[PDB]
Each structure stands twice: as structure tokens, then as C-alpha cells.
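A short write-up of the structure that comes next.
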Amino acid sequence: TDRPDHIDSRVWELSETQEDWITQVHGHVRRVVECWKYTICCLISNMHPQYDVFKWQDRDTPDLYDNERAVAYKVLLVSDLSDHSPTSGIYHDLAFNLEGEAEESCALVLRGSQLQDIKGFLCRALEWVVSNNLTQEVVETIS
Amino acid sequence: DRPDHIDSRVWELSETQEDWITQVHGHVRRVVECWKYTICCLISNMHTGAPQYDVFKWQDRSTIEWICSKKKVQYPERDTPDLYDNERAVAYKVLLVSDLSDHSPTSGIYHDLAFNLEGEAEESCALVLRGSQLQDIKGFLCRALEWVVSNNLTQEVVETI
Numbered sequence: 002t003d004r005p006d007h008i009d010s011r012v013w014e015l016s017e018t019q020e021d022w023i024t025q026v027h028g029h030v031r032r033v034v035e036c037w038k039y040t041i042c043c044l045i046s047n048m049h055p056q057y058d059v060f061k062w063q064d082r083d084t085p086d087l088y089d090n091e092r093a094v095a096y097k098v099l100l101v102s103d104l105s106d107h108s109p110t111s112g113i114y115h116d117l118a119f120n121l122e123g124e125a126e127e128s129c130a131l132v133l134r135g136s137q138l139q140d141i142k143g144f145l146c147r148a149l150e151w152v153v154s155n156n157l158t159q160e161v162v163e164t165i166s
Numbered sequence: 003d004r005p006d007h008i009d010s011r012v013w014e015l016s017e018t019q020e021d022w023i024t025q026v027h028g029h030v031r032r033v034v035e036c037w038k039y040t041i042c043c044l045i046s047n048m049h050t053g054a055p056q057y058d059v060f061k062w063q064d065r066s067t068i069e070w071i072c073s074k075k076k077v078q079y080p081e082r083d084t085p086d087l088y089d090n091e092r093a094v095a096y097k098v099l100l101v102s103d104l105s106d107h108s109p110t111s112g113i114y115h116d117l118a119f120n121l122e123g124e125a126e127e128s129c130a131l132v133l134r135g136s137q138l139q140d141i142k143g144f145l146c147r148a149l150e151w152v153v154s155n156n157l158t159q160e161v162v163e164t165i
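Take a look at the structure:
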């Protein structure tokens, strides 16, 4: 249970007090998964700023917001893409595979530039998972 | 208990939204609200490619409040619109009405999207929605009208409008 290579220094340091990790089941992993999601949020908000990131700012909050088009989004991780019904009418879902693939609604909104970063970021994290065979602890966390 | 033309998820979302058992026509009213909600979903599948509409109906209260702050917009908790067009910065309410002909707006803080039992759209609702969206609505309300006629529920439904 150490900060992985693929996670950013700032991300990990910011994540520490955002949720009380020791108390939870798969607490180190749950932190890492949430760190994937924040990383995704940052990757997406490198358009110009088009997106503001609300996750882990300084209670019922979205993960980012499009300043131009005035739309809120929530980043999700899913195991089955086809089986997906919106969780919210207001915070629109941006769902992805562990492999990196994005859902129909997700690919209509995001630019290739942002997807290719995320798929790059996700396989590198999936590699880290598979290195320590943490597959079921991650798949459970997605339920 | 649910009609097959209503989706399972919509049905289970409606469960807690109002105290149906206490009402006369309570089951029929639940179904009518599901129609309105189902219609909100059928409208919001469009995109500019960012989502065109946000749906407020049957959402958590604190989320409705959060976005209206960001969009510098304000509706009473009693009268909250069903969806919001992110393109035009204008809000709507899905109404079901028997008489479309001489329809008068319900509000001045949002607009009405009025529909028939046959699925026909009110003049002003027709102006707003694309043909793509009306086919889907009228097709859904045909399947809804079938269920109504199959269970001889036509009077109850007309009365509760």
C-alpha cells in the first residue's frame, strides 16, 4: 500500500484527507480508484479554460463543469458499457471501461485528444493493477 | 404491478416521489407522471456535442439547487421545471392535456410542452421540438394509449387531466 508510479504526486497528496481511507474496505485501492477519476478530470480540463474541476476543491458536487456550454459532468468507471442508464438528469455521466473505452454518450461529448489521453492513462493503471492482481478488489469497488 | 410500456427504472424512481396509495386514481396518476418523465428522457437524447437538455424532474433537491446557482437561475421548490435547454437558457414543463386547441401557458417562469393522449403536440410545443423527438413521443404514447384502452381506463385518465 504505497502511492503508485502512475499517480501524480499532487493528486495523491490531495487525496489523503478527502476520505478516511484506513476505515474503509479496500481503503488503499478506493483511494487509488478515486485518484484515477481525478486524473481523468484533469486530462479533460486541458482544453481552453473550457472545464473547471470541482472534485476535491477546498456537499453534493459534480466532478467538472463546462464553462462555455454550461453543463455539469460526473466521471464514472463501469465494467459493462452496453448496460448503462444515466445516474442523474443533471450531472451527466462520462463513463469509461478499465480498458479505456468510453460509452456512446461519452464519445459524443469528448474530443479524440481527451479520449486518447485517458485510454493511455487507464491501461498504464490497469497494468499496475494486474502487476499486483488487484482485479476483484477493483471490480468490487465499481459495484 | 408496473405496465410493460413503462421502463423498470422509471417505475422504481416513481415509487417514492409521492404518496400514491393515499390518492384515489393513485395508480393511474403514478402512470401519468411516469409518462411525463419518460418524455423528458426521450427529449434529452439530443446534443449541441454536449448535452442539450438537463432533466430536473424527480432529481435530488440539492443537485437542482447546485446547477441553478451556477446558471444564475431560480425556481420555487413548489414550481420547478421538468427540463432545461442548455442551448437557449430556457426551461420547460411536460404537461398532458386533453384540449390542445386553445391552450394557455401555465406559468411565466417556464414554458409548457403540452401533449395529447393520442400523442399530438400543442402548437407551441411543436415549434420547439424536432421531428425526431415527436415521433419517439407519439410512438410511446400509442403504446401507452393501448394499455389504457386494454384495461378500460379511458375515463379515469381523462378525469385526472
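Note that the protein sequences, when read in sequence, are chains A and B. Count the first sequence with full-length UniProt numbering and you get residues 2 to 49, 55 to 64, 82 to 166, in order. Count the second sequence with full-length UniProt numbering and you get residues 3 to 50, 53 to 165, in order. Ideal placement from N, C-alpha and C gives every residue a C-beta, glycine not left out.
Spatial distance of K97 of chain B from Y114 of chain B (CA atoms) = 7 Å
key: Of the listed residues B:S73, B:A130 and B:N156, nearest to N120 of chain B (C-alpha basis)   = Proximity to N120 of chain B across B:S73, B:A130 and B:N156 peaks at B:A130, based on C-alpha coordinates.
task = Check the Cβ-Cβ distances between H7 of chain B and every residue of chain E, and say whether any is below 8 Å.
result = Checking the listed chains, one finds no chain E in this structure; the protein chains it contains are A and B.
key: Contact between the segment 30–38 of chain A and the segment 142–162 of chain A (3+ Cβ pairs under 8 Å)   = yes
key: Cβ contact check for the segment 39–48 of chain B and the segment 7–17 of chain B: 3 or more pairs under 8 Å   = yes
message = Measuring only from the beta carbon, is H115 of chain A closer than 7 Å to any heavy atom that is part of the ligand HEM?
response = Ligands in the displayed structure: none, and consequently the ligand HEM is not present.
task = Check whether the Cβ of residue 1 of chain B lies closer than 8 Å to any Cβ atom in chain A.
result = Past the edges of chain B, shown from 3 to 165, lies residue 1 of chain B, and the structure says nothing about it.
request  = Could you tell me which of A:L138, A:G123 and A:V132 sits nearest to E150 of chain A, measuring between CA atoms?
outcome  = A:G123
Unbroken alpha helix (DSSP H) run spanning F144 of chain B, endpoints = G135 to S154
key: As assigned by DSSP and simplified to three states, the class of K97 of chain A   = strand
ask   = According to a CB-to-CB cut-off of less than 9 Å, which residues of the segment 104–123 of chain A neighbour chain B?
value = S108, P109, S111, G112, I113, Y114 and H115
task = Go to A118 of chain A, then tell me how far its alpha helix (DSSP H) extends in each direction, as first and last residue.
result = Counting along the chain, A118 of chain A falls outside any alpha helix (DSSP H), though it belongs to the beta strand (DSSP E) covering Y114 to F119.
ask   = Between the C-alpha atoms of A93 of chain A and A95 of chain B, what's the straight-line distance to the nearest angstrom?
value = 14 Å
Cβ neighbour criterion (16 or more within 10 Å) applied to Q139 of chain A = exposed
query = Since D89 of chain A sits in a beta bridge, which residues does DSSP pair it with?
reply = A:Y57 and A:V94
query = When DSSP labels each residue in this structure, what does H29 of chain A get in the three-state scheme?
reply = helix
task = With 8 Å as the threshold, decide whether the Cβ of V162 of chain B is near any Cβ in chain A.
result = no
task = Give the residues of chain B in contact with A93 of chain A, contact being defined as C-beta atoms less than 8 Å apart.
result = Those are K74, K75, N90 and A93, listed as they occur along chain B.
inquiry  = Going by the DSSP bridge assignment, what does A130 of chain B pair with across the sheet?
reply    = Paired residue(s): none; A130 of chain B is not in a bridge.
ask   = In chain A, what lies closer than 8 Å to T67 of chain B by C-beta?
value = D83, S111, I113 and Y114, listed in chain order.
request  = With 8 Å as the threshold, decide whether the Cβ of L44 of chain A is near any Cβ in chain B.
outcome  = no
request  = Decide if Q137 of chain A is buried, meaning its Cβ has at least 16 other Cβ atoms within 10 Å, or exposed.
outcome  = buried
inquiry  = For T158 of chain A and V30 of chain A, I'd like the C-alpha separation in whole angstroms.
reply    = 10 Å
query = alpha helix (DSSP H) containing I71 of chain B: first to last residue?
reply = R65 to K74
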